[PDB]
Amino acid sequence: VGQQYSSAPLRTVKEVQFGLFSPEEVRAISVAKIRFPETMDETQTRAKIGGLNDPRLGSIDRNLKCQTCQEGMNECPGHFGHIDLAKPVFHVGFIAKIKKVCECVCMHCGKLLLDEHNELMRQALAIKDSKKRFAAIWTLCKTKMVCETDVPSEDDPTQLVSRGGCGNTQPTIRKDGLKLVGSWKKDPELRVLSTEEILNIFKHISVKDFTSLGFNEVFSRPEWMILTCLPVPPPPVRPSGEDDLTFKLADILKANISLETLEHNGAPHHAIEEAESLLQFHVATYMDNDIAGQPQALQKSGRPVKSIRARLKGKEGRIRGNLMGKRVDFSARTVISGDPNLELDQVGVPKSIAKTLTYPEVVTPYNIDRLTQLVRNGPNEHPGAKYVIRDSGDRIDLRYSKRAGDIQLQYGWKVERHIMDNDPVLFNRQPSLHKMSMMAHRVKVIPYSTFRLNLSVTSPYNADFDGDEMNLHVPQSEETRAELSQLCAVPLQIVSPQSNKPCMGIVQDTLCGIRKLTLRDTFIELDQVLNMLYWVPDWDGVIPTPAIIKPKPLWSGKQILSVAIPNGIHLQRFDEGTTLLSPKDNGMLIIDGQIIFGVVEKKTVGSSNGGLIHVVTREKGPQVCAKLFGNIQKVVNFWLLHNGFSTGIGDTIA
Amino acid sequence: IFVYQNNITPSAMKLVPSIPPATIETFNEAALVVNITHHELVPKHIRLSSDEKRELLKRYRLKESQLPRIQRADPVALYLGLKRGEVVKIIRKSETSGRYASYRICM
Amino acid sequence: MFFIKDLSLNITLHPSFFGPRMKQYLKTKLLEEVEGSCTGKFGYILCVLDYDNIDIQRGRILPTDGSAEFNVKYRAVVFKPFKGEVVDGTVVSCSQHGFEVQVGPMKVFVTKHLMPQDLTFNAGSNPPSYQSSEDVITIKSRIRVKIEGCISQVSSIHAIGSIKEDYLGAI
Amino acid sequence: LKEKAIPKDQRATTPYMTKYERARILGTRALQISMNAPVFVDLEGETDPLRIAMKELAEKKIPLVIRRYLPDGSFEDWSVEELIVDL
Amino acid sequence: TXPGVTXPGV
Amino acid sequence: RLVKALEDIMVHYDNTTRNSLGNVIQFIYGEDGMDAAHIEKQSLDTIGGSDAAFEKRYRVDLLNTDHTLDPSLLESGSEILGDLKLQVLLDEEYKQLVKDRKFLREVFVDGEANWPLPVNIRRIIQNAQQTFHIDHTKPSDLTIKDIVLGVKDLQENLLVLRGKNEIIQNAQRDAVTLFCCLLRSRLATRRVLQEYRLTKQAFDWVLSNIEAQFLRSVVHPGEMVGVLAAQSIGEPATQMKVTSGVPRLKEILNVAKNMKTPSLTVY
Amino acid sequence: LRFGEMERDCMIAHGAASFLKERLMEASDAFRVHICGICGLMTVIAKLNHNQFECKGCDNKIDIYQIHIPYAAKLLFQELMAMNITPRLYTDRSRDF
Amino acid sequence: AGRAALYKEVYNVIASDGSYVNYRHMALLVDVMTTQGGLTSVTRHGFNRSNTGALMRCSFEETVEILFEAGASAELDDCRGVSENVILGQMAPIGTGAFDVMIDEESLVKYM
Amino acid sequence: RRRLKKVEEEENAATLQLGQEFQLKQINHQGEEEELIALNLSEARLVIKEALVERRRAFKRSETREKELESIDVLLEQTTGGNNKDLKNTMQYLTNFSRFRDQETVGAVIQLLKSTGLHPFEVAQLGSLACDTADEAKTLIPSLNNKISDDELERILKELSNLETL
DNA sequence: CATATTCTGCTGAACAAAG
RNA sequence: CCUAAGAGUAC
DNA sequence: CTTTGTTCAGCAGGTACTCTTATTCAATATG
Ligand SMILES: [Mg+2]
Ligand SMILES: [Zn+2]
Ligand SMILES: [Zn+2]
Ligand SMILES: [Zn+2]
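Residues numbered from 1 in each chain as written, not as in the entry; some residues may be left out. Chains lettered and ligands numbered in written order. Part of a larger assembly, values for the part shown. Heavy atoms only, no water. Residues with missing side-chain atoms left out of burial classes, pairs and counts.

Regarding how it was determined, this PDB entry cites cryo-EM in its header, along with a resolution of 2.96 Å.

In structure tokens, the structure reads:
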């Protein structure tokens, strides 16, 4: 049924503005405060209120709606919760950035170290892009380890001007795992920089200071890089055996409760520090479990926990495994086979595949009759229809609906029907290294279990018939169908932009047959000439006057093959040593669509620039070039069938 | 243009930028032995005036950054004394068409 | 108060509606949708000016849909009340909490807390009214009210008024 | 949008309809014909919406305009009537 | 290098 | 990697080749604005040959006997001799041909004659000859002024950029200069009157087809040339003293500082 | 069947944008989700039957839009939100080209 | 001259085995690689490092790091690229999508 | 710009905090900027009547208070359809509190208030409120304090009361 | 007697040292 | 149902 | 106001497709 109608206006995303959650924004958008690590209550049959599967965050069962939006699992996007962290922790993906920011801002007064009074700060701040600005500011302000409450005057280095500096000594800051340690110059004193004091020094950074560091006033302030509220994703993000994220959130809540109890009841600073470190580790491994050096946070089963960063990165991650490339419907895949009796732009589709893949045809006064006939036929015979989509969104399955009687189609409905002849379908062989390896063919339904495609079109696909499989995608709308037929059609892809020369040509048996046919020895009697002439679909119906009239009417192979070549084609290629007369019958001269002389072989009908294929497709159009492919293949294959060709061991003996 | 033999002391490099509009350009004699612009790989570079740059950005509907970039350390850029923001027209003997005119903005 | 403002509305037309009367369909569907409507952004929308030629522009086909999305621009008359603004009105009803006064297309409710102590409710007289020592305010009586608060409601707005200030009340 | 729209008298794009433009015109017109859009050409028995759109384009009876977008956001409105379909 | 076969360096 | 690098390159409606940011990669696609599939290998007759052969092929003098033309070539073969204005036309046409010869010799250092160009003039000439039944004996109806003015107008009608300012006009001339060189090489007065023997209707038909084919060969805005180039480079790599093949391509795309066989050439 | 990355690249090379969109949205996963123009986040409580849209925090009810994105895209944005990143989706241009 | 040498190297690689690729493809490649004033490598550290949109950049390599940097820097993505529209499931401004098809009321009335 | 959720001041006519979309200058549909003009009761009523009669003429081709009410009701029924309860209430409110009759008097009033060189909202309120004295108008409209001289405001209100009819 | 927890590839960036 | 491993097919 | 001379720094590995098989922390401890 899809998604029901929504009165909200429909727009398209024009701009995506990235940023960070402010803690107040998380608390504002969250619909619940998650406190109990248990996912289910003591009854083990319902979602515990305040737990990680709080119904306010979305319904975990199909039978129940979401408690917040009162929608089903189909509609409900899922609504975030919030965990109020006992103590602020470092975001694992920003620690380095944090290490830079605290290295660019005085750790006592919370102001940027080198103001514009410094000579190089005019050059640094003049940079436009935020990343380059921050890189310059970091690489110049890291070496300064004093707040410099009094700096020499910009006009002259004679008098001293006092800015808003406190004159303290900035520490050298390193990272030891998930924490930062600062060493102050000995008048070194090493101590761990608490996340609370770093957050405090971040909140005191002036707007002008952190907007010169690349941060934004509205979308990403530096103090928001410190996690004080964890946005709990809805159960749609971590569907259920609970997901890895659910167990990680349970561990995070357990650590939070342990830290809260230790703080409230009073404990040695050793235990408080241990609980804080455990909470930091749990949060960091929840967001990223591939931290260098630190051991992986193992799951209950002893395997590494799949973190969010793990879910995003990689070939099978969200971006590359579900967005750039995703599994699609209305696609078939099967072994391919050659068919010399198919047109270049045609593909043979097994009857079962045609009965499975379906196209929605919008019911129109121009096609009510045949769509009604297909609906009557049903899905169990070909041609037929598999579904009827009503204008209200309800879908009638042609199976099980025969009991109610015949269906009366109305204009605007859709008949989801079996793909029939002349339906444009994208056809692919993978890896599909280039655009010619993915082309629009016309369906020809055939009673066998393999895709069937012309021999000439196998070259762009790099496809053999030794077990190769190929894919078939069916467009589901008239726009996609039309642009597929007018842009990706096989005849339009004859000439490749890859090398400005045709990519499809006469190959394999047809090429050998066309070489043998055009030899000067090859003479064809009346009956075989008639058969070969009839095999050319666009033959004008006139028998050419035989090359030899007496004492026996004989047609040469060139004369019969010239029937396939369209009228008005002139080609003149001169091989090595050929003259206007051809003692060796090499070269090629075709005048007005008749082969004057020359043996037809790879250099003429093959996929080479200046050949017959290129000339025909540049003179008569791609459609006539495909017709030439078909005619040449048909006539040459008939002649080779009735002439025979072989090879054996004796052919390798000198 | 200052042309030196081996090197410049860094204590003199800092004072090389003088009071505007005076600009000091330093060149090494060893690096100036061969005129790179006579190489067949180096195409023809022509500095554009302010009016020509304005016309170029107007006709092609471009912004400053959307032009192809040429570093203000490229040997040709040093050769012609390009300053930041100035656009060079590049005349190239192309092979699909006889003449191709590109434009590169100094950065 | 009454203003004229430049508004725009997006209209989605089905493919079946691209007859020669497409302009008529767009003009009719702009009406019955914005005429006399209410929103918090511009208050009430009463009527459309310059109906002879409304700017409809070209109209963009939504891809994969075929429906055309027009951005029709027009001139509209609006009535947005404002805080601390004096306006005339007509009394329509009285109650224990206060009285409702008809100002244009809206009803402004003045509470009993926003009248001088001399004015008191009186349900003995039919219909019930508000009587004071020197004057009485009854149904269908002209009265000037100063609006000091605006409350957004569904398809309507209920402002908050007063007559406590000097030269406010029945004329 | 008044600033964006390049005036008709000084459009500087190709007067010839591109293959992508022709493909999208045929697709949109066939999609509309499938949804019972009015036909401005006489029909000689054809029933495929795509070839109905092709017949409409051949004799220039498609009431659409291409809004060709320049890289700066400015656009030109070329009516399908005045576009030359050479391909 | 690369990666693979960062940089060098980084 | 190549496809991801070049995925956002596109030919826009001002023929510039820009990425997603709008940065100009090429001010015209392929430096000529031509679709790749509409390009064929053709020979430039001006660049090759000898100076004496070049004069015999192109130079036509209406006032002398060393480079005169047979009066039976054209209808007005006896009236053109002694003319001053037509001799001026021949002088400027041959001067332009000499300039094209020098320019093409400058462009291609090795003097290669066969290069990929959009429109195949030879096939158009042959089509006209076969369609109009050139008997090669009757004097041509064409006048020399007709030939020169038709060639000039045909060059004026080969438009790639439609702008109406000096920058766009200069870019248009630079884009069509090589095809104009080929066109002048083929449609010369001597060659048209003698080697091909076009008639007035045949010459006009040739001009019309050349203009139509050139306007058809222009690249279509919206072409995703970046992915096309990435695929057209990657696909031949699959079919594959100094390193070559896949390792050398790897080295080139990575721009590796250290390379296996760093070699240099001295002339 | 997997309509992988480089099949998408081939379809891009062909120039068929609408077929690529139909492959990636209608064939595989089309998800309608509601956002607001104040904050681009998808935190819009949308009671469709009651016809009520409300983004808590922004405290708006008359500035809601609907968009059609793949469910994979929605899941990506929700994981980014769970990872302290705001993928604010805005339906109008705030900057010129 | 660096771009010219890069094109010559690419052409030598392509034509080493006798295959031929049109000039314009390699010209586009070497123009993209040299459009920033220096040789841009076809790698994450190369093209993938450019203010061309967070969603496009992340789809190639180092996805999560790119998202983190974009969130920290509050980058604005204008969705002018193919990858952005592919991720958001909308018609990319390419090929048939490089323009807007609209309706002329006056012409439609002019037909009848 | 986006500003996420930006704070804003509460509207107040005393401070003249109309709104970001009710500023003095507004961009018209033609692309240029025009001063935000505000219609008094009679001027807005005349504008509405002109719009409705123009719509009636377009559809056709394609004074005492009671007769005025009858005419406006007939015209409203003839021109537009239903769901005009708000429009009907506004029309009857305007006809009841009609400070002016026809075009001449409203034009004279608007040109006089234009010659005053005052805020459009304030002049529209002055044309709407039928005040008597100067201090009374000042205490009715706090935005008029310390803007114009007492004598000038009193005299212009005197001429406005003179232009009062019926 | 049943649930809970204990191969294959480098250049820099950084640190100590000093006249 | 998930995860992992292995074997294999076409390039 | 410039000089070398050691020590630590960060991963990725092509596109599809088919099948099978094992596995979901052991057990001591307390209710
Ligand atoms: Mg095989
Ligand atoms: Zn919900
Ligand atoms: Zn300080
Ligand atoms: Zn919001």
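K.L.:
I keep staring at the overall build of chain A and nothing clicks. Help me out?
P.N.:
Helix and strand counts for chain A stand at 20 helices and 26 strands. In summary, chain A has a C-alpha radius of gyration of 38 Å against a globular reference of 26 Å for 654 residues, an excess of more than 25%. Based on the C-alpha atoms only, the size of chain A along its principal axes is roughly 120 × 80 × 55 Å. In chain A, which comprises 654 residues, the share counted as buried stands at 54%. Carbon and sulfur atoms make up 52% of the accessible area of chain A, which amounts to about 29600 Å² in all. (Helix = DSSP H or I, 4+ residues; strand = E, 2+ residues; numbered from the N terminus. Rg over C-alpha atoms; globule rule 2.2 N^0.38 Å. Buried < 20%, exposed > 50% of the residue type's maximum accessible area, 1.4 Å probe, protein only. Areas by Shrake-Rupley, 256 points an atom, 1.4 Å probe, with all protein chains shown as cover.)

K.L.:
Please explain a negative patch on the surface as it appears in this structure.
P.N.:
Taken together, the side chains of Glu165(C), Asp166(C), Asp135(I), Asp150(I) and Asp151(I) define an acidic patch exposed on the protein surface. Counting through the fold element by element, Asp166(C) comes out in the loop between β13 (157–162) and β14 (169–170). (Patch = residues over 30% accessible without salt bridge, like charges linked within 9 Å, V, L, I, M, F, W, Y side chains within 5 Å. Salt bridge = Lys/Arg side-chain N within 4 Å of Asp/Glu carboxyl O. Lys, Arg positive; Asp, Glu negative; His and termini not counted. Charge placed at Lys NZ, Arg CZ, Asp CG, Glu CD.)

K.L.:
Teacher, can you tell me more about the protein's contact with RNA strand K here?
P.N.:
Residues and elements named next belong to chain A. Inspection of the region around RNA strand K gives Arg303, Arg429, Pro431, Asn462, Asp466 and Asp468 as its neighbouring residues. Separating a sugar or linking oxygen of RNA strand K from a side-chain N or O atom of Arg429 is a distance of 2.5 Å. A distance of 2.3 Å is found between a sugar or linking oxygen of RNA strand K and a side-chain nitrogen or oxygen belonging to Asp468. Counted by class, the surface near RNA strand K contains one nonpolar, one polar and four charged residues. (Near = heavy atom within 4 Å. Polar contact = N/O pair within 3.5 Å; in protein donor to acceptor, adjacent residues only side chain to side chain. Nonpolar A, V, L, I, M, F, W, Y, C, P; charged D, E, K, R; others polar.)

K.L.:
It is not clear to me how the sheet that holds strand β2 (residues 17–18) of chain F should be interpreted in this structure. Could you clarify?
P.N.:
Sheet strands pair via backbone hydrogen bonds, and the direction of the pair is either parallel or antiparallel. Residue and element names in this part refer to chain F. The strand order across the open sheet formed by three strands is β1-β2-β3, and the pairing between neighbours is antiparallel. Sheet topology places β1 (10–11) and β3 (24–26) at the edges, where each strand pairs with a single neighbour. Sheet analysis places β1 next to β2, joined by two bridges and oriented antiparallel. In the sheet register, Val11 faces β2, and the bridge partner there is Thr17. (Pairing = 2+ DSSP bridges.)

K.L.:
What should I look at first to understand the packing of aromatic side chains in this one?
P.N.:
Note on aromatic pairs: each is described by the distance of the centres and the angle between the planes. Applying the stated rule across the entire model yields 27 aromatic pairs over all chains. Aromatic side chains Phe427(A) and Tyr461(A) sit 5.9 Å apart centroid to centroid with 85° between the ring planes, which places their arrangement in the edge-to-face category. In this pair, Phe427(A) sits in strand β16 (residues 424–428) while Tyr461(A) sits in helix α13 (residues 458–461), placing the two residues 34 residues apart along the sequence. Judged by its relative accessible area of 2%, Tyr461(A) falls in the buried class. Ring centres 4.8 Å apart and planes at 80° place the aromatic pair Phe31(G) and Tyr71(G) in the edge-to-face group. Taken as a pair, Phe31(G) in strand β2 (residues 31–36) and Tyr71(G) in helix α3 (residues 71–82) lie far apart in primary sequence, 40 residues in all. In this structure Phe31(G) comes out as buried when scored by relative accessible area, which is 4%. Residue class for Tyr71(G) comes out partly exposed when judged on its relative accessible area of 30%. Cluster of aromatic residues (ring-pair linked, three or more members): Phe2(C), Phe79(C), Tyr93(I) and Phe97(I). (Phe/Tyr/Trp six-rings, centres within 6.5 Å; stacked < 30°, edge-to-face > 60°.)

K.L.:
What's the story with the UniProt feature "binding site: Zn(2+) 1" in chain A in this structure? I'm lost.
P.N.:
Residue and element names in this part refer to chain A. Sites flagged by UniProt as "binding site: Zn(2+) 1" map to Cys66, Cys69, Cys76 and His79. Lining the second largest cavity, from the set of annotated residues above, are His79. For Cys66, a relative accessible area of 1% gives the class buried. With respect to the element layout, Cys76 can be found in the loop between α1 (23–29) and β2 (81–90). (UniProt positions renumbered as here; feature names shortened; annotations may be inferred. 1 Å grid on protein atoms, 1.4 Å probe; cavity = no way out; pocket = protein on both sides within 12 Å on 5 of 7 lines; lining within 4 Å.)

K.L.:
Hey, could you run me through the arrangement of the chains in this one?
P.N.:
Highest in contacts among the 24 pairs of chains that touch are chains A and G. Over all C-alpha pairs, chain A and chain E never come within contact, reaching a minimum spacing of 14 Å. Nothing in chain B touches chain E; the tightest C-alpha to C-alpha distance between them is still 22 Å. (Contact = heavy atoms within 4.5 Å.)

K.L.:
I tried to follow the coordination of the zinc ion (ligand 3) on my own but got confused; where do I start?
P.N.:
For a metal bound by four donors in tetrahedral geometry, the ideal donor-metal-donor angle is 109.5 degrees, whereas six donors in octahedral geometry ideally sit at 90 or 180 degrees. Residue and element names in this part refer to chain A. Protein-derived ligands of the zinc ion (ligand 3) are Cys106 (SG), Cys109 (SG), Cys147 (SG) and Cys166 (SG), with the metal-ligand distances lying across 2.3 Å. Each donor residue of the zinc ion (ligand 3) belongs to the same chain, with the gaps between them written as C-x2-C-x37-C-x18-C. Of the two residues, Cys147 sits in the loop between α4 (130–141) and β3 (150–152) while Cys166 sits in the loop between β4 (160–162) and β5 (172–176), which places them 19 residues apart along the sequence. (Donors = N, O, S within 2.8 Å, 3.2 Å for Na, K, Ca; no water.)

K.L.:
Would you explain the UniProt feature "binding site: Zn(2+) 2" in chain A in this entry?
P.N.:
All names here are of chain A. In the numbering adopted here, UniProt assigns the feature "binding site: Zn(2+) 2" to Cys106, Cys109, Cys147 and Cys166. The annotated residues occupy 61 residues of the chain but converge on a single region, no pair of C-alpha atoms lying more than 8.9 Å apart. Along the chain, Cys109 turns up in the loop between α2 (95–104) and α3 (119–125). Setting aside anything within four residues of it in sequence, one finds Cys109 in contact with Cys147, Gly164, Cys166 and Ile201. Residue classification places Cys147 among the buried positions, given a relative accessible area of 2%. Contact partners of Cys147, with chain neighbours within four places excluded, come to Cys106, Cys109, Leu113, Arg163, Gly165, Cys166, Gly167, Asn168 and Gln170.

K.L.:
Honestly, the interface of chain G and chain A in this entry has me stumped. Any pointers?
P.N.:
Quite often, the size of an interface is put as the accessible area lost when its parts meet. Facing 70 residues of chain G, the contacting portion of chain A comprises 89 residues. With both sides pooled, the region where chain G packs onto chain A buries about 7100 Å², and carbon together with sulfur makes up 58% of that total. Among the residues of chain G in contact with chain A, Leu1(G), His14(G) and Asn84(G) are the three that bury the most area, contributing 12% of the side total. Taken together, the links from chain G to chain A amount to six salt bridges. With a shortest N-O distance of 2.9 Å, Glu5(G) and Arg320(A) are connected by a salt bridge. Summed over the shared surface of chain G and chain A, the number is 42 residue pairs in polar contact. Those elements giving two or more residues to the side of chain G that touches chain A turn out to be β1 (2–3), α1 (5–14), α2 (17–26), β2, β3 (45–47), β5 (64–69), α3 and β6 (88–90) of chain G. Broken down by element, the residue count for the side of chain G that touches chain A peaks at 11 residues, all from α3(G). Classifying every residue of the side of chain G that touches chain A by side-chain character gives 37 nonpolar, 17 polar and 16 charged. For strand β1 (residues 15–17) of chain A and β6(G), the ladder comprises three bridges, and the chain directions are antiparallel. When the bridges of β6(G) are listed, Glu15(A) appears paired with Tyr90(G). (Buried area = accessible area lost by both parts, 1.4 Å probe.)

K.L.:
Can you walk me through the domain arrangement of chain A in this structure?
P.N.:
All names here are of chain A. Per the domain assignment, the segments making up chain A are domain 1 (5–88 + 246–287), domain 2 (89–239), domain 3 (330–356 + 420–493), domain 4 (357–419) and domain 5 (494–646). Centre-to-centre separation of domain 3 and domain 4, based on C-alpha positions: 25 Å. At the junction of the two partners, domain 3 supplies 20 residues and domain 4 supplies 16 residues. Of the roughly 1500 Å² buried where domain 3 meets domain 4, counting both sides, 60% is carbon and sulfur surface. Of all residues in domain 3, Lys355, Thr356 and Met420 bury the most surface against domain 4, accounting for 42% of the area lost on that side. Where domain 3 touches domain 4, the interface holds one salt bridge. With a shortest N-O distance of 2.7 Å, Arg417 and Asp423 are connected by a salt bridge. (Domains from an automatic or database assignment.)

K.L.:
What is the right way to read empty space enclosed by the protein from this model?
P.N.:
Rolled over the atoms, a probe sized like a water molecule indicates the empty space that remains. If you add up the space inside the largest cavity, you get close to 170 Å³. If you go around the largest cavity, you meet 19 residues; those closest to its centre are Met1(C), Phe79(C), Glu85(C), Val87(C) and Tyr93(I). When contributions to the lining of the largest cavity are tallied by element, the ones reaching two or more residues are β6 (85–94) and β8 (106–111) of chain C together with α5 (120–128) of chain I. With four residues, the single largest contributor to the lining of the largest cavity is β6(C). Its residues assigned to classes, the lining of the largest cavity shows 14 nonpolar, two polar and three charged. (Points joined across faces, edges and corners; volume = space filled by probe spheres on them.)

K.L.:
What exactly am I supposed to notice about the protein's contact with DNA strand J here?
P.N.:
Neighbouring DNA strand J are the residues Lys142(A), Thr1(E), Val5(E), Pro8(E), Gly9(E), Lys257(F) and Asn258(F). Taking the atoms of DNA strand J that fall within 4 Å of the protein, sugar and phosphate contribute 78% of them. In the model, a phosphate oxygen of DNA strand J is placed 3.4 Å from a nitrogen or oxygen of the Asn258(F) side chain. Residues belonging to the surface near DNA strand J are distributed by class as follows: two nonpolar, three polar and two charged.

K.L.:
Would you take a moment to explain the sheet that holds strand β4 (residues 69–70) of chain B for this structure?
P.N.:
Residues and elements named next belong to chain B. Pairing is mixed in the open sheet, where four strands are placed in the order β3-β5-β6-β4. Here the strands that pair on one side only, and so sit at the sheet edges, are β3 (44–47) and β4. Taken together, the six bridges between strand β5 (residues 87–92) and strand β6 (residues 100–106) define a ladder with antiparallel strand orientation. When the sheet's bridge partners are listed, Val87 is paired in β6 with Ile105.

K.L.:
I would appreciate a short explanation of the pattern of salt bridges in the present structure.
P.N.:
It is possible for side chains of opposite charge to pair when their charged atoms get near one another. All names here are of chain A. Counted according to the given criterion, the structure contains 111 salt bridges over all chains. A salt bridge links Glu223 to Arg221; the nearest nitrogen and oxygen atoms lie 2.9 Å apart. Ionic contacts of the salt-bridge type, sharing partners, join the residues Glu361, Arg370, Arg417, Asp423 and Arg481 into one network.

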